[PDB]
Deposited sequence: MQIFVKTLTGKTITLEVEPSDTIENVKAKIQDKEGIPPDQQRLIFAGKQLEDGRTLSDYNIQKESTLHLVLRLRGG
């Protein structure tokens, strides 16, 4: 399934069973943002390592928001 990540916006190709760490790797692969500067938000919660996308009920064409941990908080 496709999900969107807005900081501009990128598309990721993901599966519900993917982890947050694994989503961050993909954002790196595409965007060059190191995983350890990424804060991901979905539906107003910051996502945490360990979980999967279905733990947050993230679904097709869900929109995530990336905030840089630098400064941005």
>> Please give the gaps, as residue ranges numbered from 1 in the deposited sequence, where no C-alpha is present.
In response: 8-10
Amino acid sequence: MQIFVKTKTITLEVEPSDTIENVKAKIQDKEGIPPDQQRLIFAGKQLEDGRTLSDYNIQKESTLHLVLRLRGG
From here on, numbers count along this sequence of modelled residues.
>> Using only C-alpha atoms and the B-factors in the entry, which stretch averages higher, 11-19 or 58-66?
In response: 11-19
